[PDB]
Amino acid sequence: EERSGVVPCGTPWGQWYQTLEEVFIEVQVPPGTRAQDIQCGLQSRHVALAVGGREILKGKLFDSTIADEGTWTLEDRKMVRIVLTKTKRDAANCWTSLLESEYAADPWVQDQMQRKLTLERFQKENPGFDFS
Amino acid sequence: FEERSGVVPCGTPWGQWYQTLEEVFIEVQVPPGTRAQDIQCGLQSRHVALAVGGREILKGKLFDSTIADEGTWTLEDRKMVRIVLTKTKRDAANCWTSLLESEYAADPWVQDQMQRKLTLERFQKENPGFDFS
């Protein structure tokens with residue numbers, strides 16, 4: 001719910017995203033991973049994570065962080081993922097809520113979702129252009 | 001989640017949903033001991049229903065119509081390590097363009113989405129009296 005409108009960057013092991021104040025790194029691990037199987041060092045400008053001895057992520061951070069405040073936690077995140085195919089699939093078929101009268105996006109999240117769909121359509125209609 | 005770049009979620013009490021031009025995605029957190037056998041899920045053109053271990057989690061009329069025979073549900077193990085870092089510099093102008101100095105960069109559009117959310121977060125913080133819904 002604090003989740004609404006957060007923009008992730010996908011990576012091979014998960015994703016990261018940010019807020020004005022923090023940077024979030026979500027790393028998928030095997031389902032039998034235990035807290036005891038994690039080695040994670042968080043320094044002002046560097047991070048390192050190894051799971052069951054296998055290095056997953058290690059390097060120099062894009063910018064500096066306050067080392068003492070860094071946290072890591074192992075979370076159980078089992079989920080049912082449902083994927084539906086829209087009958088109508090134009091950028092103007094941007095759903096503003098999941099159900100008719102529930103799970104509405106606030107106006108800003110609606111704007112973000114519309115923008116992404118406009119961009120998807122633009123990229124589809126202009127396959128020749130490079131967007132990176 | 002590399003197709004996940006720039007997908008914009010709406011959080012809910014049980015998880016989140018999001019969309020693309022063609023599909024709608026519903027991610028529902030379930031207890032870690034949940035098994036496929038514990039799931040009852042009906043996906044109709046304009047209605048959905050999900051119950052886990054006999055407990056109804058989601059049920060209602062969809063915002064718009066979907067192609068019923070193409071709807072899918074899958075149970076996924078999603079254990080994760082979540083790391084939270086505190087930026088030394090916390091202005092909307094300290095929008096990170098990659099996670100590491102030379103790796104995990106956002107493409108230009110995702111960078112723009114990220115910057116827009118930070119500008120907005122900042123706008124909301126500097127104007128607490130305005131209602132943003």
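Below, all heavy atoms of this structure are taken into account, side chains as well, without hydrogens, waters or symmetry copies. Chain letters run A, B, ... following the sequence lines, proteins first and then strands; every chain starts at 1.
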Portion of [X] that has a non-hydrogen atom of chain A nearer than 4.5 angstrom:
X	result
B:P13	both
B:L62	both
B:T119	neither
B:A105	backbone
B:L120	side chain

Q) How many angstroms lie between NZ in A:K116 and CG in B:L21, if you round to the nearest 0.5 Å? A)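 Rounded to the nearest 0.5 Å, the NZ-CG separation comes out at 10.0 Å.
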Q.
I need the B:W109 CH2 to A:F131 CZ distance, nearest 0.5 Å.
A.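 Nearest 0.5 Å value for the CH2-CZ distance: 7.0 Å.
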(Q) Between A:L98 and B:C10, does the side chain to side chain contact (heavy atoms under 4.5 Å, CB included) criterion hold? Intermediate values first, please. (A) CA-CA 9 Å; A:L98 182 54; B:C10 182; over 6 Å; no
Please report the closest heavy-atom contact between [X] and [Y], naming both atoms and the distance.
X	Y	value
B:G11	A:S4	N-OG, 2.9 Å
A:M113	B:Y18	CE-CA, 4.3 Å
A:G5	B:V8	CA-CG1, 4.1 Å

Can you tell me if [X] uses its side chain to pair, donor with acceptor, with the backbone of [Y] under 3.5 Å?
X	Y	answer
A:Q18	B:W96	yes
B:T86	A:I66	no
B:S65	A:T87	no

For chain B, which of [options] has the most heavy-atom pairs under 4.5 Å?
options	value
A:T65, A:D68, A:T33	A:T65
A:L42, A:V83, A:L57	A:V83
A:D63, A:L74, A:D106	A:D63
A:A67, A:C94, A:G32	A:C94

Q | Flag for A:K86-B:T20: side-chain donor and acceptor within less than 3.5 Å | A |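 Short answer, no.
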